[PDB]
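Reading through the structure tokens given below for one structure.
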Amino acid sequence: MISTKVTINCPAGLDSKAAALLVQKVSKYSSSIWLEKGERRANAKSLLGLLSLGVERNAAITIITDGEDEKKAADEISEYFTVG
């Protein structure tokens with residue numbers, strides 16, 4: 001189980017476009033993947049869960065990965081949220 005803290009460097013945070021792209025990207029991994037904002041939590045495979053987080057631009061978020069590829073998933077999700 002890996003916890004990595006990141007800043008959402010996305011113009012409208014996790015809006016429809018950014019949440020939908022995360023859901024697509026995250027299907028490539030075998031690991032369970034969740035995002036956490038304070039006490040709000042969502043499975044990264046759930047468009048509805050991601051949207052319900054209400055993540056805005058520059059929000060501090062925790063990426064939680066758990067499974068065979070958990071370190072790869074953690075690095076690539078953090079990269080997606082800082083660089084694009």
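Note on naming: chains are A, B, ... as they come in the structure tokens, residues start from 1 per chain, ligands start from 1 in the order shown.
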Write out as a ChimeraX atom specification the residues lying within 9 Å of residue A:20, counting only C-alpha atoms and excluding same-chain residues fewer than 5 positions away. /A:14-15,25,46-47,50
Residue neighbourhood residue A:82, 8 Å, only C-alpha atoms, exclusion window fewer than 3 positions, as a short mmCIF file (atom, residue, chain, number, x, y, z; two decimals) with N, CA, C and O atoms, in the first residue's frame:
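Saved the output as around38.cif:
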data_model
loop_
_atom_site.label_atom_id
_atom_site.label_comp_id
_atom_site.auth_asym_id
_atom_site.auth_seq_id
_atom_site.Cartn_x
_atom_site.Cartn_y
_atom_site.Cartn_z
N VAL A 6 0.17 14.86 -3.36
CA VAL A 6 0.36 15.63 -4.63
C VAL A 6 -0.54 16.87 -4.64
O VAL A 6 -1.56 16.90 -3.91
N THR A 7 -0.16 17.85 -5.46
CA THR A 7 -0.96 19.06 -5.77
C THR A 7 -1.67 18.81 -7.10
O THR A 7 -1.01 18.32 -8.02
N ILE A 8 -2.97 19.08 -7.17
CA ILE A 8 -3.73 18.96 -8.45
C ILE A 8 -3.37 20.19 -9.27
O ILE A 8 -3.85 21.29 -8.95
N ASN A 9 -2.49 19.99 -10.25
CA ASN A 9 -2.04 21.04 -11.19
C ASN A 9 -2.82 20.91 -12.50
O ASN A 9 -2.22 20.67 -13.56
N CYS A 10 -4.14 21.04 -12.38
CA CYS A 10 -5.17 20.90 -13.43
C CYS A 10 -6.04 22.16 -13.40
O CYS A 10 -6.40 22.64 -12.31
N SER A 78 0.80 10.68 -10.07
CA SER A 78 1.41 11.95 -9.57
C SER A 78 1.90 12.78 -10.76
O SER A 78 1.65 13.99 -10.79
N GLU A 79 2.54 12.14 -11.74
CA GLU A 79 3.03 12.82 -12.96
C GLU A 79 1.82 13.40 -13.68
O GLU A 79 1.87 14.58 -13.99
#
If you run DSSP on the backbone, which residues of stretch 6-69 of chain A are strand (DSSP E or B), as a PyMOL selection string? chain A and resi 6-7+32-37+40-43+60-66
Go ahead and save the residues from that selection, with C-alpha atoms, as a compact mmCIF listing (two decimals), in the first residue's frame.
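Saved result, again-v5.txt, follows:
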# COMPACT_ATOMS: atom_id res chain seq x y z
CA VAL A 6 0.36 15.63 -4.63
CA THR A 7 -0.96 19.06 -5.77
CA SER A 32 -6.77 -0.69 -6.38
CA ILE A 33 -6.41 3.14 -6.57
CA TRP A 34 -8.15 5.78 -4.38
CA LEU A 35 -7.80 9.59 -3.99
CA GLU A 36 -8.28 11.27 -0.60
CA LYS A 37 -9.04 14.96 0.05
CA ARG A 40 -13.43 12.76 1.32
CA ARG A 41 -12.34 9.54 -0.50
CA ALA A 42 -13.04 8.00 -3.94
CA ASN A 43 -12.05 4.97 -6.02
CA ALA A 60 -3.53 18.91 -1.82
CA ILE A 61 -4.60 15.27 -2.47
CA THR A 62 -3.29 11.84 -1.38
CA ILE A 63 -3.02 9.05 -4.01
CA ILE A 64 -3.40 5.58 -2.41
CA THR A 65 -2.26 2.59 -4.55
CA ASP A 66 -2.46 -1.10 -3.47
Between A:70, A:76, A:26, A:16, which has the minimum distance to residue A:53 (counting only C-alpha atoms)?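 Of A:70, A:76, A:26, A:16, the one nearest residue A:53, counting only C-alpha atoms, is A:16.
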Expressed in Å, the length from atom CA of residue A:22 to atom CA of residue A:59 is 15.9 Å
Hey, what's within 8 Å of residue A:29 if we count only C-alpha atoms and toss same-chain stuff fewer than 2 positions away? As a PyMOL selection string, please? chain A and resi 26-27+31+69+73
Could you tell me how far atom CA of residue A:57 sits from atom CA of residue A:1, in Å to one decimal place?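 Between atom CA of residue A:1 and atom CA of residue A:57 the gap works out to 26.2 Å.
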One residue among A:67, A:3, A:44, A:77 is nearest to residue A:30 when using only C-alpha atoms, and that residue is A:67
Which of these residues is nearest to residue A:54, using only C-alpha atoms: A:2, A:71, A:38, A:84?
->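 Of A:2, A:71, A:38, A:84, the one nearest residue A:54 is A:38, counting only C-alpha atoms.
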Between A:83, A:12, A:74, A:21, smallest distance to residue A:55 by only C-alpha atoms belongs to A:12
In chain A, DSSP helix (DSSP H, G or I) residues written as a short mmCIF file (atom, residue, chain, number, x, y, z; two decimals) with N, CA and C atoms, in the first residue's frame:
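What ended up in part34.cif:
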data_model
loop_
_atom_site.label_atom_id
_atom_site.label_comp_id
_atom_site.auth_asym_id
_atom_site.auth_seq_id
_atom_site.Cartn_x
_atom_site.Cartn_y
_atom_site.Cartn_z
N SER A 16 -15.04 17.17 -15.17
CA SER A 16 -15.47 16.08 -16.05
C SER A 16 -14.29 15.57 -16.88
N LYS A 17 -13.55 16.46 -17.52
CA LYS A 17 -12.48 16.07 -18.46
C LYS A 17 -11.36 15.39 -17.68
N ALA A 18 -10.87 16.00 -16.61
CA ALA A 18 -9.74 15.45 -15.83
C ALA A 18 -10.18 14.17 -15.12
N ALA A 19 -11.39 14.10 -14.57
CA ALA A 19 -11.86 12.88 -13.88
C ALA A 19 -11.97 11.75 -14.90
N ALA A 20 -12.57 12.01 -16.06
CA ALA A 20 -12.78 10.99 -17.11
C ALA A 20 -11.42 10.44 -17.57
N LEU A 21 -10.44 11.32 -17.78
CA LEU A 21 -9.09 10.90 -18.23
C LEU A 21 -8.43 10.04 -17.15
N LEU A 22 -8.57 10.42 -15.87
CA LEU A 22 -8.01 9.60 -14.75
C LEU A 22 -8.66 8.22 -14.80
N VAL A 23 -9.98 8.13 -14.96
CA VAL A 23 -10.66 6.80 -14.98
C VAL A 23 -10.08 5.96 -16.13
N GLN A 24 -9.90 6.54 -17.32
CA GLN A 24 -9.32 5.82 -18.49
C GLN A 24 -7.90 5.35 -18.18
N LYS A 25 -7.06 6.24 -17.67
CA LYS A 25 -5.62 5.97 -17.39
C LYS A 25 -5.51 4.83 -16.37
N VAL A 26 -6.41 4.80 -15.40
CA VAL A 26 -6.33 3.95 -14.17
C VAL A 26 -6.73 2.50 -14.47
N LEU A 47 -15.96 7.52 -11.95
CA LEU A 47 -16.18 8.91 -12.42
C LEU A 47 -17.02 9.64 -11.37
N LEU A 48 -18.09 8.99 -10.91
CA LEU A 48 -19.00 9.59 -9.92
C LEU A 48 -18.25 9.92 -8.63
N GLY A 49 -17.48 8.96 -8.10
CA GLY A 49 -16.69 9.17 -6.87
C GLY A 49 -15.70 10.31 -7.03
N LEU A 50 -14.96 10.33 -8.12
CA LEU A 50 -13.95 11.38 -8.39
C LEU A 50 -14.63 12.75 -8.41
N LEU A 51 -15.70 12.87 -9.18
CA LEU A 51 -16.47 14.13 -9.30
C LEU A 51 -16.98 14.59 -7.92
N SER A 52 -17.41 13.65 -7.09
CA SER A 52 -18.04 13.92 -5.76
C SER A 52 -17.00 14.49 -4.80
N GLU A 70 1.66 -1.14 -7.70
CA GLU A 70 1.25 0.01 -6.85
C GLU A 70 2.25 1.17 -6.93
N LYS A 71 3.55 0.91 -7.13
CA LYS A 71 4.59 1.97 -7.18
C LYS A 71 4.54 2.66 -8.55
N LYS A 72 4.42 1.89 -9.62
CA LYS A 72 4.27 2.42 -11.00
C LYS A 72 3.03 3.33 -11.04
N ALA A 73 1.87 2.85 -10.60
CA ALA A 73 0.58 3.61 -10.57
C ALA A 73 0.79 4.92 -9.82
N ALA A 74 1.40 4.88 -8.64
CA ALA A 74 1.62 6.06 -7.77
C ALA A 74 2.47 7.12 -8.50
N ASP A 75 3.53 6.71 -9.20
CA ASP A 75 4.45 7.64 -9.92
C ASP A 75 3.74 8.26 -11.11
N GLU A 76 3.03 7.46 -11.89
CA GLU A 76 2.39 7.90 -13.15
C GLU A 76 1.16 8.76 -12.83
N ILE A 77 0.40 8.46 -11.77
CA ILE A 77 -0.78 9.29 -11.38
C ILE A 77 -0.25 10.65 -10.89
N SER A 78 0.80 10.68 -10.07
CA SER A 78 1.41 11.95 -9.57
C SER A 78 1.90 12.78 -10.76
N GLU A 79 2.54 12.14 -11.74
CA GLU A 79 3.03 12.82 -12.96
C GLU A 79 1.82 13.40 -13.68
N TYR A 80 0.75 12.64 -13.88
CA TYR A 80 -0.47 13.09 -14.61
C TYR A 80 -0.98 14.38 -13.93
N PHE A 81 -0.90 14.48 -12.60
CA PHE A 81 -1.49 15.58 -11.82
C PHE A 81 -0.52 16.75 -11.66
N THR A 82 0.74 16.64 -12.05
CA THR A 82 1.68 17.79 -11.95
C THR A 82 1.99 18.32 -13.35
#
